[PDB]
Amino acid sequence: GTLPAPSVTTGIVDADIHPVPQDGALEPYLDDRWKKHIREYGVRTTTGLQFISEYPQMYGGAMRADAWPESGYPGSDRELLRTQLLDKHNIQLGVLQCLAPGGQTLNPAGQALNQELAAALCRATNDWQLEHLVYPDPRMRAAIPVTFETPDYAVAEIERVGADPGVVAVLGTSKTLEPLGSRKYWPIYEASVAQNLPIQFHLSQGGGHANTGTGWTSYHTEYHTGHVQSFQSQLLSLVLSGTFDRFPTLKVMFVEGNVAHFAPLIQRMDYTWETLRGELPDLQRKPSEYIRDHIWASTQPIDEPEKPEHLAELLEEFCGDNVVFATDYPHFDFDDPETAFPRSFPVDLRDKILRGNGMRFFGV
Amino acid sequence: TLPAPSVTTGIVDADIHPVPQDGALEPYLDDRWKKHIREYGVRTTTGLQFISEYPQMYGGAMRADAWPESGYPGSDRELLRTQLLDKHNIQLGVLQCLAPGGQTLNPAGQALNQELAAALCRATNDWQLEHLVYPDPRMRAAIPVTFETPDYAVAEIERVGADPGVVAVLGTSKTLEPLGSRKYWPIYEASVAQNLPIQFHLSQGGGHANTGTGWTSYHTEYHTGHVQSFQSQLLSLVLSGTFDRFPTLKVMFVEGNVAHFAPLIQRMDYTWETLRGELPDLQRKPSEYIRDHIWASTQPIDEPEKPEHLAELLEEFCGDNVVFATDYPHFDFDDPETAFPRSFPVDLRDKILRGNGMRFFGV
Amino acid sequence: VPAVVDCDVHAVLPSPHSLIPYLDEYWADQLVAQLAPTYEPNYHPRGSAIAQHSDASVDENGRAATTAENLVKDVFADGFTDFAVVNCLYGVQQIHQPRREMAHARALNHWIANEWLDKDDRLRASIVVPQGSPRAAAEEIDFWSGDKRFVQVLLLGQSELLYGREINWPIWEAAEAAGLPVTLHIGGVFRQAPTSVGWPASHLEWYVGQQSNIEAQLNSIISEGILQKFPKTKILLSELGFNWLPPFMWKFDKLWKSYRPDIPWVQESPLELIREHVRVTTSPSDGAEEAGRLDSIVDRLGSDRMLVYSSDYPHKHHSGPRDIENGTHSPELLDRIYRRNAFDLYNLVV
Amino acid sequence: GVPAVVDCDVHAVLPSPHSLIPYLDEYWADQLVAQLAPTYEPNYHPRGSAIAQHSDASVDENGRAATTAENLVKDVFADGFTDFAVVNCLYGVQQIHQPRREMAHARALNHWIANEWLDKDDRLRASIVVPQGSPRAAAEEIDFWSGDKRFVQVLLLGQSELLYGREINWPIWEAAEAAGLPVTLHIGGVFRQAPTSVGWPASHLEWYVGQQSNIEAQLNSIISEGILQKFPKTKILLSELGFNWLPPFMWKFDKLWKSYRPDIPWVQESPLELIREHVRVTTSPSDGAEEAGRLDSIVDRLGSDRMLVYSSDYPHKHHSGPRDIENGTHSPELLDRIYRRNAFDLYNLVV
Ligand SMILES: [Fe+3]
Ligand SMILES: [Fe+3]
Ligand SMILES: [Fe+3]
Ligand SMILES: [Fe+3]
Ligand SMILES: [Fe+3]
Ligand SMILES: [Fe+3]
Ligand SMILES: [Mg+2]
Ligand SMILES: [Mg+2]
Ligand SMILES: [Mg+2]
Ligand SMILES: [Mg+2]
Ligand SMILES: [Mg+2]
Ligand SMILES: [Mg+2]
Ligand SMILES: [Mg+2]
Ligand SMILES: [Mg+2]
C-alpha cells in the first residue's frame, strides 16, 4: 500500500487504542481450515476455560459505559471511534492495538496455544485493521500483532506487512514464556529493525506462568495492580541481556504498565549492578543508560501520587523524553488528554508527552 | 581417523555416566567462563548454590562398589573399563555426561546463563572425546547441547557432530516447551544433517514443576515421576507432526522406562480416533510414528508381577525399538546377565542388546 | 442385589445464569453486573467430536446433557442402567477469587440437588468443592454429607498442589468422615503447565496426557500417607483411562522397595494399596475393548475389583459403553464391572 | 529507657549441613550422613560473588564470613554504635521438598542459632526459620520457640509456593500474632515457579533486582485477602528487598482499591494507610536513596517517616554502606527514627 507518513501537526499522539472486529469481520481473511477449527474448538490458550480468560473483567467488561454502539462491543464501530475519540481529541496519530479477534475483551491472537492458528489470526487481524480502519482513516496506524512465541511466523508476518506505511509498530504482550531479553525473541527484533519498526508490548494475561513470580492472585486489586510486575521483569531482562547492545536501534514501549514504578526499579538495577556487574561483563552501558535510546512507556492509566508534584518528578526520573500519551479507548480507566495531568503539571513536559515524545518513538 | 563402532560378540549400552575429574574441563573452557564458574557456580532452575531441587538419597544414588580411590563414581576411566566395559563386553557404550563435575545429575545444558551452558557443553564434548572415546573407542559420545538455545546447539552439532566418536545428540527429558514445539526444529534439522539421532535423558529442571500438577514430596514420587515427562514428550513429538517434517529423525527416550509407553500410545490412538479433526495435518495415525521414530532404552528394567507381561508390553510398544542400557554407575544399574526374566525370548533380548541399538546409532 | 451403576455421567450447566436462584443477592447481582462470564471448561470443547454423541438428545442451542429430562431419557432408555452418578464439570475451580469460588461451588451443588437429584431418584451426584481453599472444601463436603444422594467428592485431575500434600488433608478427612469416596475426573485448575514439560499445544495432546498427572496424584496420595491416615479412603478415577495403571504400579512398587525408610508408614506394597483403594471407570476404554484386551488388562492390574462401568454420557468415545464385552470371555468379570465393583463405592441395590 | 540501635538484618551462614547433626534426632542425623550431606546453601548471595561478604570481614578457616557468632559479633559490634542485631539464617530448608525433612532441618537450624549464636552473645536476636511447605508445621515451629524471647520475628522468603494472603497460609499469620511476633519477608525464595510472571531470570543480577516485584504481589495478597483485618496486630518487615519501589505501588494499589473495594469489602482503610502502619523496611540495600536528598525524597513519597529501620545486611557487600544513608538526608530527626525509634515498634528493645 501507499500512504503518507503520519503527520502530527497541532494534534496529539494516542499510543493505545483498542478496536475490535465485528462478528465475522476476520472470516474473509482466514483459510477454511481455521474457520472450521474455531467453530469446533474455539481459541485454546493457557487456561482450562472455553470462552474467558483466567481473570475475566469485573464490571461491564471493564469498558466505559458510554462507548457501547448500537449493536457491537465497544471499539467495534468505526464511526463511533472517530467521533468519540479521534475527532473529539484531535488525535492525528492513533495507534491501534487489537487485543482480541472478537468481542471478548483481552484475548490476544498471539497467545493461542495452536501457534499455526495464532499466526493465522494475527495475519487476518493485520489485513482487517489496515483495510477497515487505517486506510479509510490514516489518522489511525497499526501496531501489528505477531506470534512472539513462534519467531519464524512473526518474522514472516513482519516481512509480509511490516513495510506497509499503515503499520507503525509490532505488537506483543507483557507476559511471555521466557523473559523478553532471551535469544528466542532476537529474530523478531532483527526483523523489526530491518523494517525500521519499534515494538510495543501491551498488558496481557497468559504467557505460560502465573501472573506474579510467587503465585496466582485472588482478588481484583491484586490482579490489576499486578500487571506492573510483568513489565518490571521484562525491562530487567531486555536491559541486562544486552539485547540493546545487539540491536542498537531497537525501540520498545511498555503499554499500560504504568510509568512511575520504572524509575525506582531502574535505580535499584543500577545500584545492584554497581556491585554485581561482573556476572554480565559484556554489557556496554550502565543499565539506566539504555532507557533514553531504547525504552518508552505510555501514560494510561496515569500514576496518581498523593502529592501531585511527585508525578513529574518520577516521570523525569524514568526519562521525560520517553513518556507517551495514550487514552486506552474504550476501556473504563480511559484517560482524557485535558484532565489526565495534574493542574500543576509542567506544560513543556505535558506538550512533549502529547506530541514530541511519541513522534520520536514512532519515527515521525 | 576413528573406526566405526563394531558390535559382534558383545553388546550396546545406551546409557553410561562418566564424570570429569576436578579441573578436567578447564583446558576446554575460555578463561571468562572459568571466572564465571568460580564466582557464580552453575545457576539453574533452583534457589540452590550446589545441588538440584531433588538431591540424591543414599550414597549419591551411586553403586556402593563404584567409588574409585579418589573422586566420584564414573570419574576414573580405568575403573569404568574394568567394572563396566570389560566386565560386560560392551562394544558400543554411549556416554551421557550429566554433570560437569563430581555430581550425579546437574546437566550443563540447563544452566540459566545459556552462554555458559553452551561453553560447558562444548568443553564436555572436547573432554569426553579426548579422555574417554579416542583412548577406548568402545565408548562413543552422546553430545550434550543447549536445547533451550537452538542457535548454540546447532553451532555445536556443526562443530563436532560429524566426529566419528560422536553417535548421538543429548538432550534432557524436561524442557520449557514440549519437544514437538517449533523451537526445537532447528536442532532436529541440524541433527538430521549430521546423520545423528537424538537421546533425551531423564532430568530434573526444565522450568516447570516435576509433574503437571505440583512438585513431589517423597523420593518414590520423584523417581517414579520421571516417567511422566517422557509421556508428555512422546505425545508432543508425535502429535505435533515433527516426524512429518523430519521423516528420518530418530529419538530415544533414555531412562523413562518402556512398558508404560504401550498403553499411553494405545490411549493416544483411541482418543485420536474421535478427536483427529483438531490436527488434520498430521499425516499418520499417531502410533504409526513409533516404529520409524521413537526408541526407548531399558534401564531401570520394568518388573511386572507376572514376568511374562514384560515381553508383551515391550512388543506392544515396538520390539525393534527397545535398546539395552546399564546406567553405570547409578545404584539401579541393570546387569545384562540378570535384567531379563528367565522366560524372555532370546531373539527379543538379542535385538535389545545388539541389533536395535545398532540400527538407532547407524552401526 | 447390587445395582448397575453408571459411575460417570455429566450434567452441563446451561450458563452461569442458571446459578442465580441459588446465590445470595451479593453474588447474584455481581454476576449480572460482570456480564456473567462463563466458567464453561475446555475439557470437552462443546463443538468438538467428544462433547456429545450424535444420538444424544439436545436442547434449543444444540447442546446435550443440559437438562435432567434429556439426560434421564437417554441414559435409562434401554433398561440396563439402574442408577447414574452425575458429575458437573463447570469450572468453579478455575475461579481465582476465593469467596466467589466458594459461592459458585455451593450454588452449583444446589442446582444439582434441585434440578437433577430432586427430578429423578435414579440420579446420584458428586459434591463439587472449592479446591483453592481446602478448609472451605471440607466445609462444602460437610454441608452436603447429610444428603445421601451425594455419593462422592469431585476433584479435578490437575490441582494446584498435589492432593497428598498436608495442605490438602482436610479434603480427605472430610470425605472419610462423610463416608464418601473421592473421585478424580479429567480436567484441571491450570495453575501450572498441564505437564512437567510445558503447555500442550492442542486439546488432543492435553486430553491424552492427563494420565500422567494421575500417576502423580496417586503417588502423592499414597506416599504422603493418606491411606494410613484415612484408611477408609476410596478413590475413583473417572474418565482418565486405566491401561496405564500396571506399568505405574510396578515401578512404584519397585521404588517403594528402594525408598521404604523415606515413607515408613507405607507398610503395605503400593500394588496392594492401589488394588484395594482405587477404582476406575471404563469409558473411555482406550483399547481394552478389543478382543482379549479386557482380560489382559485385568491380569496386568492383578485385580478384577477395580474397573467400574460408566458410559461417560453424553461424551463420544471411539467405542461405546458396552463394547467392553468384546474384550473378555468371562461373564464373572462383566458381572464385577457392571455391578459388583461399584457396590464397594456406593452400596446401591436394585 | 531509650530505644536501642537495632541492626534489623544480619546473617548467620551455616558452614555445612554437618553443623545440624548435634541438633537432629538419630533418624535424621544418620540419614544426612548416608546421603553424603547435600547442602541446601542457597544461591541468593552466591558465595563467590561480590555481594557475598565484605572483603575485610572476619573469616573462618575456609575464607567464609559470618559462619560463627564470634566472627559476626567481632565485626558488627566493633564500633560500639549497634546495641542489638537481628540474625536471619538463609540456609535453604524451605527448598527441601520432603516435608518431614523440611520440618526436621528447620528445627535443627533454629537450635543451631539458639545454641551457637543466641547463647554466645546477649546482643543477638533472631528470626524463627519455618518449614513453609506445610503452613500448619510452620505454625508449630513458631509455637515451639514462642517461649524464647530472643527469637523476635518469623522468617518467610519473598517468593513462596502460594501467595502469603491465601487462606492456606493463614496459620502462619495466626501463629505469629499469637506469639506476639512480627513476620519478615527476606529476599530469597522456594523457586516452585519461575521467579517472575514472565519466566526464569537468566542471571543472579536480574533475579536479585527483580524480586521487588514479588513483594508487591505479596503485599497486595496479604492486604487484599484480609490479613490485616483478621490479624490486626500483624507487623511486617521487608528485609533486604529495597524500598524505593513502594510509593508507585502504593499509589496504584490505592487507585484500584477505590475502583474495586466491593470485591474486598473488609478492607475499609486505604492500602496507603495500612502499608504505612503495618509495614517496615530495612535500609540495606538503599538502592540509591543514600544519594544527596534522596532519603528525604523517598520518605516524602512514602508519606511516613516510621517505615524505614536501620540494617547493615552484614556480611553482604552493597554499593553503599550501612551508615551511608546519612548522606541522603538533612534531618537528624529522620536518622534518629531510622537508627532506633522505628524499630522499637517491632522489637521493643531498649539500650
Ligand atoms: Fe490498552
Ligand atoms: Fe486497558
Ligand atoms: Fe542414566
Ligand atoms: Fe540413572
Ligand atoms: Fe466423564
Ligand atoms: Fe539480608
Ligand atoms: Mg514503516
Ligand atoms: Mg557420525
Ligand atoms: Mg505444521
Ligand atoms: Mg490431513
Ligand atoms: Mg432395568
Ligand atoms: Mg542436641
Ligand atoms: Mg568497611
Ligand atoms: Mg485518598
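As a basis for the values below, the full set of heavy atoms in this structure was taken, side chains included, without hydrogen atoms, waters or symmetry mates. Within every chain, numbering begins at 1; the chains are lettered A, B, ... in the order of the sequence lines, protein sequences first and strands thereafter.
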Quiz item: Can you say whether C:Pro284 sits under 4.5 Å from chain B via the side chain, the backbone, both, or neither, judging by heavy atoms?
Solution: both
Quiz item: Would you say the side chain of B:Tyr58 lies within less than 4.5 Å of the side chain of C:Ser258, judging by non-hydrogen atoms?
Solution: no
Exercise. Check whether the side chains of B:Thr220 and C:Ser223 place a donor and an acceptor atom closer than 3.5 Å, and report yes or no.
Key: yes
Quiz item: If you tally heavy-atom pairs under 4.5 Å against chain B, which of C:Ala193, C:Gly188, C:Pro200 wins?
Solution: C:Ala193
Quiz prompt | Segment of B:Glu278 engaging chain C (4.5 angstrom heavy-atom cut-off) | solution = side chain
Quiz prompt | Minimum heavy-atom distance between C:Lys251 and B:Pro300, given as atom pair plus value | solution = NZ-CG, 3.4 Å
Quiz item: Quick one: CG on C:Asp286 to OG1 on B:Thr271, what's the gap to the nearest 0.5 Å?
Solution: 5.5 Å
Practice problem: Determine the minimum heavy-atom distance between B:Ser232 and C:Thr195, stating which atoms define it. | Solution: OG-CB, 3.3 Å
Quiz item: Where does B:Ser181 contact chain C at under 4.5 Å (heavy atoms): side chain, backbone, both or neither?
Solution: neither
Quiz item: Quick one: do the C:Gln211 and B:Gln228 side chains pair a donor with an acceptor below 3.5 Å?
Solution: no
Quiz prompt | Within-4.5 Å side-chain heavy-atom neighbours: C:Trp244 and B:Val227 | solution = no
Quiz item: For chain B, which of C:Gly164, C:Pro261, C:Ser285 has the most heavy-atom pairs under 4.5 Å?
Solution: C:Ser285
Quiz item: Side chain, backbone, both or neither: which part of C:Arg165 has a non-hydrogen atom closer than 4.5 Å to chain B?
Solution: side chain
Quiz item: Non-hydrogen atoms of chain B under 4.5 Å away: do they reach the side chain of C:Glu290, the backbone, both or neither?
Solution: neither
Exercise. Select, from C:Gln192, C:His203, C:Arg260, C:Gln210, the one with the greatest count of heavy-atom pairs under 4.5 Å involving chain B.
Key: C:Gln192
Practice problem: Give a yes or no on whether a salt bridge exists between C:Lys316 and B:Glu273, defined as a side-chain N under 4.0 angstrom from a carboxylate O. | Solution: no
Quiz item: Given that the side chain runs from C-beta out, which part of B:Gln204 has a heavy atom under 4.5 Å from chain C: side chain, backbone, both or neither?
Solution: neither
Exercise. Please report the closest heavy-atom contact between C:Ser196 and B:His208, naming both atoms and the distance.
Key: O-CB, 3.7 Å
Quiz prompt | Top of C:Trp265, C:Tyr163, C:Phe242, C:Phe190 for chain B proximity - count of heavy-atom pairs under 4.5 angstrom | solution = C:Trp265
Quiz prompt | B:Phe261 portion near chain C, given a 4.5 angstrom heavy-atom threshold | solution = neither
Quiz item: Side chains of B:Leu264 and C:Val208: closer than 4.5 Å at any heavy-atom pair?
Solution: yes
Quiz prompt | B:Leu282, part contacting chain C, at a heavy-atom distance under 4.5 Å | solution = neither
Quiz item: Residues of residues 317-324 of chain C under 4.5 Å from chain B (heavy atom pairs)?
Solution: C:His317, C:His318, C:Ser319
Quiz item: Out of C:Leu271, C:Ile222, C:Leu255, which one racks up the most heavy-atom pairs below 4.5 Å with chain B?
Solution: C:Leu255
Quiz item: Can you say whether C:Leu204 sits under 4.5 Å from chain B via the side chain, the backbone, both, or neither, judging by heavy atoms?
Solution: both
Practice problem: Using a cut-off of under 4.5 Å on heavy-atom pairs, state which of C:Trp199, C:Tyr207, C:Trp250 scores highest against chain B. | Solution: C:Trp250
Practice problem: On the 0 to 90° scale, with breaks at 30° and 60°, tag the C:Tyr259-B:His219 ring pair as parallel, tilted or perpendicular. | Solution: perpendicular
Quiz item: Does a side-chain N-to-carboxylate-O contact under 4.0 Å join C:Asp299 and B:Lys306?
Solution: yes
Practice problem: Find the distance between CD1 (C:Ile214) and OG1 (B:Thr213) and round it off to the nearest 0.5 Å. | Solution: 7.5 Å
Quiz prompt | Carboxylate-amine/guanidinium contact B:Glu305 C:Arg300, below 4.0 Å | solution = no
Quiz item: Hey, what do you get for CD (C:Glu205) to CG (B:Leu275), rounding to the nearest 0.5 Å?
Solution: 13.0 Å
Quiz item: Tell me, do C:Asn219 and B:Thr216 make a side-chain contact under 4.5 Å, heavy atoms counted?
Solution: no
Practice problem: Measure distances from B:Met57 to the heavy atoms of chain C and classify the residue's part below 4.5 Å as side chain, backbone, both or neither. | Solution: side chain
Quiz item: To the nearest 0.5 Å, what is the distance between CG (C:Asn243) and OH (B:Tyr270)?
Solution: 10.0 Å
Quiz item: Do C:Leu162 and B:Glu221 come within less than 4.5 Å of each other through their side chains, counting heavy atoms only?
Solution: yes
Quiz item: Which pair of non-hydrogen atoms, one from B:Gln266 and one from C:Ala288, has the smallest distance, and what is that distance?
Solution: NE2-N, 4.0 Å
Practice problem: Below 4.5 Å from any heavy atom of chain C, which atoms of B:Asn257 appear? Answer side chain, backbone, both or neither. | Solution: side chain
Quiz prompt | Portion of B:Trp272 that has a non-hydrogen atom of chain C nearer than 4.5 angstrom | solution = both
